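**Student:** Partial complex follows, first chain(s) only, in situ:
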Amino acid sequence: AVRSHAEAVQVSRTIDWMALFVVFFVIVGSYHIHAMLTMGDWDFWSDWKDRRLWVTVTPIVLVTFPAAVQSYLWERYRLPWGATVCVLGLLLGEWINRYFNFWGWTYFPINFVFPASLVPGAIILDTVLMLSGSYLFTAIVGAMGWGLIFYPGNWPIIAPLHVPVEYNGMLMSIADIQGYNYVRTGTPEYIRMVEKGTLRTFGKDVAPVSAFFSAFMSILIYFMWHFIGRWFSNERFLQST
Amino acid sequence: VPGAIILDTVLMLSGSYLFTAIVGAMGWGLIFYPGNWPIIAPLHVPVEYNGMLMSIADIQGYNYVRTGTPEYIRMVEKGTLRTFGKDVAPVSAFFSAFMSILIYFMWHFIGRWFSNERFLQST
């Protein structure tokens, strides 16, 4: 089997690195598929990064994989970085595509096609789970924090793009001018699902209301995907397919 | 019948239900339109009908009056601006084959439940 204690430790370390690679990149592929086909459109364009739809949708659909991977990793190994590894893998895949295809293949500027930041929410989810190991407490409080910290976490990046500009007689933010200038042949302006105002939009509340709705739906989605990951962690064998 | 035969033979050979749900359902979805083409092909001969181009089937629907079934109820291919080239039938066939995989997978377990032999002590 194994020769000695030292060689067993070395073998276990090699297994650790290889399995970490396997987990990380399978998660990168699957999570990137899910993210880009559930929130990728807002993640592609700064003029899509708004206060209502982007803030509402991104945490809700992005808390899926962290919940499942947490429910597996913490339960089976006491490893409190399922959310962090999910978010980091998504960010790495997104950034590789943005740099080598969005800016490499086509020539959209990086300050126009940068992705959103999710590490603060992932860190909250992981720490709130390790401390007070309760999965219910995580689903209620950590998912709340994940939903709430999204927009403040991304504000230092997108704030300079919201400086008002008088552009040929019309008021536009810098992000609006970016979307106008850099032509997306397949993405006309009306496709932009952004905050457009309603007659029931009271005062200055679009971003906080969206953040709290996202936090509540993040509680719900975390609760569902905890059990989804529980099922995906099964070790059953089938006698016949 | 061609789709049914594919489904049955692909199931008996390689008794795997997963293999059936993937391959036999693919064939069931794909062979539908080619299986029906010898029947409906003669009805697609173009006709100049009072200045408008109509197929024979269109003229049948126009002539034989369905009082309860007006023309607009007809959910048929009407063209889009994203309909590229000559691909309507194959694209539809492949979408049908994929969704047939999904529906076969679901209804295999539905039938598994319907085959139960449980007894209830009280209704």
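**Tutor:** Structure received. Numbers count the residues shown, from 1 in each chain, chains lettered A, B, ... in the order given.

**Student:** Can you name the residues that contact residue A:69?
**Tutor:** By C-beta atoms under 8 Å, 6 or more residues apart in numbering or on different chains, the contact set of residue A:69 is A:27, A:82-83, A:85-86, A:229. Backbone N, C-alpha and C define where each C-beta goes, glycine included.

**Student:** go with 6 Å
**Tutor:** Residues near residue A:69 by C-beta atoms under 6 Å, 6 or more residues apart in numbering or on different chains: A:82, A:86.

**Student:** And residue A:24, by the same measure?
**Tutor:** residue A:89.

**Student:** Let me know the secondary structure of it.
**Tutor:** With DSSP: H, G, I helix; E, B strand; the rest coil as the basis, residue A:24 sits in helix.

**Student:** what's the distance between it and residue A:65?
**Tutor:** If you measure residue A:24 against residue A:65 using C-beta to C-beta, to the nearest Å, the figure is 12 Å.

**Student:** List the contacts of the residue positioned nearest the centre of chain A.
**Tutor:** Nearest to the mean C-alpha position of chain A, by C-alpha atoms, centre = their mean, lies residue A:62 at 4.3 Å. Contacts were defined as C-beta under 6 Å, 6+ apart; by that measure residue A:62 touches no other residue.

**Student:** Next one: it from residue A:159, what distance?
**Tutor:** Separation of residue A:62 from residue A:159 (C-beta to C-beta): 21 Å.

**Student:** buried stuff in the helix or strand hosting residue A:12?
**Tutor:** Using DSSP states H and E, the element containing residue A:12 is helix A:5-36. The neighbour-count criterion (16 or more other C-beta atoms under 10 Å in any protein chain shown) identifies A:23, A:27-28, A:31-32, A:34-36 as the buried residues of helix A:5-36.

**Student:** Need those residues in a markdown table (columns: distance to residue A:167).
**Tutor:** Below are the buried residues of helix A:5-36 laid out as a markdown table (distance: C-beta to C-beta, whole Å):
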| residue | distance to residue A:167 |
| --- | --- |
| A:23 | 47 |
| A:27 | 42 |
| A:28 | 39 |
| A:31 | 37 |
| A:32 | 34 |
| A:34 | 36 |
| A:35 | 32 |
| A:36 | 30 |
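
**Student:** quick revisit: what's downstream of the helix holding residue A:12, the next helix or strand?
**Tutor:** Taking DSSP H and E, what comes next after helix A:5-36 is helix A:40-44.

**Student:** one more, chain C:
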Amino acid sequence: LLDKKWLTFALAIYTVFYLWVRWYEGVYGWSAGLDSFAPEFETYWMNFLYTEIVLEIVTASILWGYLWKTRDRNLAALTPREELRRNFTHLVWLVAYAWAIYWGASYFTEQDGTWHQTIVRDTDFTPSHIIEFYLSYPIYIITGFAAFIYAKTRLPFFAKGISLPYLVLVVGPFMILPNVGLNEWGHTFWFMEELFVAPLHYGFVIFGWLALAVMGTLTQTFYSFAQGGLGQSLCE
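**Tutor:** Adding chain C to what we have so far:
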């Protein structure tokens, strides 16, 4: 010996081939590859499609058949050291599958997004899809099937039964390839737009979730690793 240098080749073959594919599509994306009815498109991308489909079918047949033919008949009389070696080889196969899954489901799929926001869709066989739907997806399908077959035919833990998490991890991502039918149908009949978050794309999302069965698969491989060569060291 145990873990040998097959891991380096497993990483390098995918990296080099996909870097060459990226170079090829960066060269022939525009300039014979924008217009789908030009003669040059047929020679630079339709020929690519035909060649890659034939090569994928041939490679899948050869690899799966060889793995199934060289299957271990006498799995009972297998030494623990050889079991450890085979477990490391299966881990190499899983590493290759993870790398292929990354390249297929992240890189070229979000690259399909760049193309599905920058140019007007002209056909179901644009360069982006040809490189993704018909090259990278079949490649990772082949790798996953090969890994499953190797586990079933060499590892006693994965023999005497089909592992449910392994089967889900191997087949669910495969279901994305027939799901292309929904993508094309949902782009020509449904949704006269280029929205990347449209419900026409949730088919990839649904079957992208099934790659989460890698967790059950990996705990199964950990148990297979820790059958005879579990210790000692660990838990002592």
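
**Student:** and the buried residues of helix A:5-36, now that chain C is part of it?
**Tutor:** Under 16+ other C-beta under 10 Å, the buried positions of helix A:5-36 are A:8, A:10-12, A:15, A:18-19, A:21-36.

**Student:** Likewise for stretch C:211-223?
**Tutor:** Those would be C:211-222, for stretch C:211-223 by 16+ other C-beta under 10 Å.

**Student:** can you give me the helices for chain C?
**Tutor:** Counting by DSSP state H, chain C has helices at residues C:6-28, C:39-41, C:47-69, C:80-102, C:108-118, C:127-131, C:137-154, C:164-171, C:180-188, C:202-209, C:214-225.

**Student:** Quick check: the closest residue to residue A:15 other than its chain neighbours vs residue A:158, distance?
**Tutor:** Nearest in space to residue A:15, with sequence neighbours left out and distances taken as C-beta to C-beta, 6 or more residues apart in numbering or on different chains, is residue C:225 at 6.2 Å. Separation of residue C:225 from residue A:158 (C-beta to C-beta): 46 Å.

**Student:** same question, residue A:207
**Tutor:** To residue A:158, residue A:207 is 11 Å away according to C-beta to C-beta.

**Student:** for residue A:230, same thing?
**Tutor:** From residue A:230 across to residue A:158, the span is 36 Å (C-beta to C-beta).

**Student:** The two: who's more crowded?
**Tutor:** A direct count of neighbours by other C-beta atoms under 10 Å in any protein chain shown for residue A:230 and residue A:158 places residue A:158 higher, at 20 against 15.

**Student:** how many other residues sit next to the closest residue to chain B within chain A?
**Tutor:** Residue nearest to chain B within chain A: residue A:241 (4.4 Å; C-beta to the nearest C-beta). Residue A:241 has 15 neighbours, counted by other C-beta under 10 Å.

**Student:** got the contact list for it?
**Tutor:** By C-beta under 6 Å, 6+ apart, the residues touching residue A:241 are B:16, B:18, C:162.

**Student:** Up against chain B, what does chain C have?
**Tutor:** Along chain C, the residues adjacent to chain B under the rule C-beta under 6 Å from any C-beta of the partner chain are C:123, C:178-179, C:181-182, C:184-185, C:188, C:192.

**Student:** For residue A:187, which non-adjacent residue is spatially closest?
**Tutor:** residue C:117 (4.7 Å).

**Student:** and that neighbour, what is it in contact with?
**Tutor:** A:184, A:186-187, C:194.

**Student:** CSV please, covering the residues you listed and showing distance to residue C:98 and neighbour count.
**Tutor:** Converted to CSV, the contacts of residue C:117 look like this (distance: C-beta to C-beta, whole Å; neighbours: other C-beta atoms under 10 Å in any protein chain shown):
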residue, distance to residue C:98, neighbour count
A:184, 33, 19
A:186, 31, 19
A:187, 32, 22
C:194, 30, 23
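
**Student:** Chain D goes on too:
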Amino acid sequence: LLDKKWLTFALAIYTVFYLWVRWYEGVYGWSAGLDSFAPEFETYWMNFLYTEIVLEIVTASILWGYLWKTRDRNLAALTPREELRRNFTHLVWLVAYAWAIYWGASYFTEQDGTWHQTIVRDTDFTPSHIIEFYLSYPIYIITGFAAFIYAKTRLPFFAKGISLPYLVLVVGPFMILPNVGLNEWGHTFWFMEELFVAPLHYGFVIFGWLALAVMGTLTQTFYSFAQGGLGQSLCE
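**Tutor:** Just below you will find chain D, in place on the chains above:
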């Protein structure tokens, strides 16, 4: 004796009655049966509705009550030959139920479709529905309930408990009759059209699925058949 000629009557009564019903509706479909406010419609179809509803209620009461009253109290002391005879009688009942289900859920329901594409709907009591919703559906409901009661009261296998597949097979198709409320509501408020594939009709679809419990019911009847008279011959 075993299987006797009750099977011939079971087929013939349904065939003859439904052939006469088809003749009646082919004669009075048009010509007193198109206009729902004409006096002749009241005498040729409303009277038909009233008569058939009363007769169905009376027949259901009489048949179910007789079957329940003549129930076998001493099921323990029943010879295997008599059990085989009763199993064959229950199979005859199931044949009658299948024939009635065919006539109700296929013939007259797709015939309702002919009418629901050829003439403008005038009421909830057109000839087609009267012949289907209030004649054929109650007829097959009566037959199914009678078959279930006979099985429960004569077959020891189906006694000492209510069979779940049998209950589903008997009740689910019955649920189509109260589902007529959704049909009329979905045709007057929803869907100002005659689309036969509208979601207003999925109620029949949902409860038409429950007839698939015939598979569990039939394997239960096979086990009841093969209790004492299983062999030998079979499996030897």
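
**Student:** once more on the contacts of residue A:69, this time with chain D?
**Tutor:** Taking C-beta under 6 Å, 6+ apart, one finds A:82, A:86 in contact with residue A:69.

**Student:** could you measure it against residue A:82, distance?
**Tutor:** 4 Å.

**Student:** swap in residue A:189?
**Tutor:** Where residue A:82 is concerned, residue A:189 sits at a distance of 38 Å (C-beta to C-beta).

**Student:** which residues sit in contact with residue 110?
**Tutor:** The chain I'm using is chain A. Counting by C-beta under 6 Å, 6+ apart, residue A:110 touches residue A:103.

**Student:** I was thinking of chain C, sorry if that wasn't clear
**Tutor:** A:36, A:97.

**Student:** make it 10 Å
**Tutor:** Residues in contact with residue C:110 (C-beta atoms under 10 Å, 6 or more residues apart in numbering or on different chains) are A:32-33, A:35-37, A:40, A:43-44, A:93-94, A:96-98, A:101-102, C:132, C:196.

**Student:** rewinding a little: identify the contacts common to residue A:69 and residue A:82.
**Tutor:** In terms of C-beta under 10 Å, 6+ apart, residue A:69 and residue A:82 are both contacted by the residues A:23, A:27, A:229, C:215.

**Student:** can you pull the contacts of the most centrally placed residue in chain C?
**Tutor:** When C-alpha atoms, centre = their mean is applied to chain C, the residue found nearest the centroid is residue C:140 (1.1 Å). Going by C-beta under 10 Å, 6+ apart, residue C:140 touches A:29, C:14, C:96-105, C:173-174, C:176-177, C:211.

**Student:** on that earlier part again, and which of the shared contacts of residue A:69 and residue A:82 is nearest to residue D:233?
**Tutor:** Using C-beta to C-beta, residue C:215 is the member of these that lies nearest residue D:233, at 52.5 Å.

**Student:** got a list of what that closest one touches?
**Tutor:** Counting by C-beta under 10 Å, 6+ apart, residue C:215 makes contact with A:23, A:26-27, A:68-69, A:71-73, A:76, A:82, A:229-230, A:232-235, C:165, C:169.

**Student:** What about the nearest residue to it once chain neighbours are set aside, how many residues nearby?
**Tutor:** When the adjacent residues along the chain are set aside, residue C:215 lies closest to residue A:72, with 4.3 Å between them (C-beta to C-beta, 6+ apart). Under the neighbour criterion other C-beta under 10 Å, residue A:72 is assigned a count of 24.

**Student:** what separates the residue in chain A that chain D sits nearest to from residue C:142, distance-wise?
**Tutor:** Per C-beta to the nearest C-beta, residue A:240 is where chain A lies closest to chain D, at 19.5 Å. Distance, residue A:240 to residue C:142, using C-beta to C-beta: 24 Å.
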